[PDB]
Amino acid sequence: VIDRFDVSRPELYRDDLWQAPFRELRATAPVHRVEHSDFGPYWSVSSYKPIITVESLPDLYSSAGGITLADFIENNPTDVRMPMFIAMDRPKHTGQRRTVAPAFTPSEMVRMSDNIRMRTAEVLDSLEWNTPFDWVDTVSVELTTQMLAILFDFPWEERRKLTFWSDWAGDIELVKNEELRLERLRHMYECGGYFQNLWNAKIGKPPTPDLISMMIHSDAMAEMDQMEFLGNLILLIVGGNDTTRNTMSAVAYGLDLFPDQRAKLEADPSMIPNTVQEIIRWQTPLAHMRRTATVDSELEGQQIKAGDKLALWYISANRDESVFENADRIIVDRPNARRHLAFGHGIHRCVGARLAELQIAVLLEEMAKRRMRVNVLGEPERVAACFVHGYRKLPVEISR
């Protein structure tokens, strides 16, 4: 079987073959049912306009029946079910989004701007020139995970624990990478235990920004307790680390493919902010999110039935030629670059978007300060998944 339009296949992303099928799907079937399968049947929502209309309709297309193409996958007593306010609806969703959003008030960005800058500086000065190395590990991960260590508190030493994402379950819960039942789950419990210790370490003092803090001593009018954790902090971890990483990893890789557009940026640091957006578009650190139809419905032609599983391929959206012409080129001056769907749309749009915008900016700032230019050597070891989207290894050196 090569459904071709079964764009679930982790092959396409690892090997970088997703461009053509999603080029056709847009031009002849932007809403298309993949009957079978790999994950079970889905609806490939593959274009810009249609996505928006799904995400602006939280009743017709729920977030509280799973949010990636993976499912609950079990009957009755094997418990599981890890809550997450990204996987919520109705009012409760707005309840809990309230209780983390103040971490990303632009004044908090200004407060954290100065620390972020020291660590971005400090990292880039450890780097040596023309000697090869791994952009992913030495920069994109190393920074990124620092940031998540400050958003919780670890503190510092052994913060590499936060690199237990292993949540590429867009391709891990599908006949088991690890048998699973006491593996990704046990990896997740050993996390939760550790964070429970951190929750009990903070039941004195005021709000110490986010780091549990914000879930309690900073009011938290609801957001009680009761293993929301494996869930909410699963969410927070992945959001606050992996997404940014693959972007930093993409600034090195991406720009280098389009070295003229890089040189213009190199010349003009006022381009930076639009550069950040343009890059976040390009990459789409999460290629897709899924909704689930609660009642029967019409959508761009197609006939969605209560039960059906939707699948919003931002990855293809951000290359919709209706909106961004020559989308498969990085163009750092591209005006509308800010209108990408990588952070998403509607009431779920990434609450951390301003922080990721900062982390990247400062990288490209601290880089300009230094006259860097990252030169990619081999091709990168990509991730194999429909959900996460970037790089496990990037081989580079730096010049001037």
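Counting begins at 1, following the sequence as shown.
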Tell me which stretch has the larger mean Cα B-factor in this entry, 289-297 or 209-217. 209-217
As the entry reports it, the stretch among 250-258 and 228-236 with higher mean C-alpha B factor is 228-236
In terms of CA temperature factor as recorded, identify the highest of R111, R119, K305, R181. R181
Among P335, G346, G40, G352, where is the Cα temperature factor highest, going by the PDB entry? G40
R97: CA B-factor among chain residues, third -> lowest
Assigned third (lowest, middle, highest) for the C-alpha B factor of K264: middle
Using the B-factors in the PDB entry, rank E24's C-alpha atom against the chain and give the third, lowest, middle or highest. highest
Pull the Cα B-factor of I73 out of the PDB entry and bin it into the chain's lowest, middle or highest third. highest
Which third of the chain does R370 land in by C-alpha B-factor: lowest, middle or highest? lowest
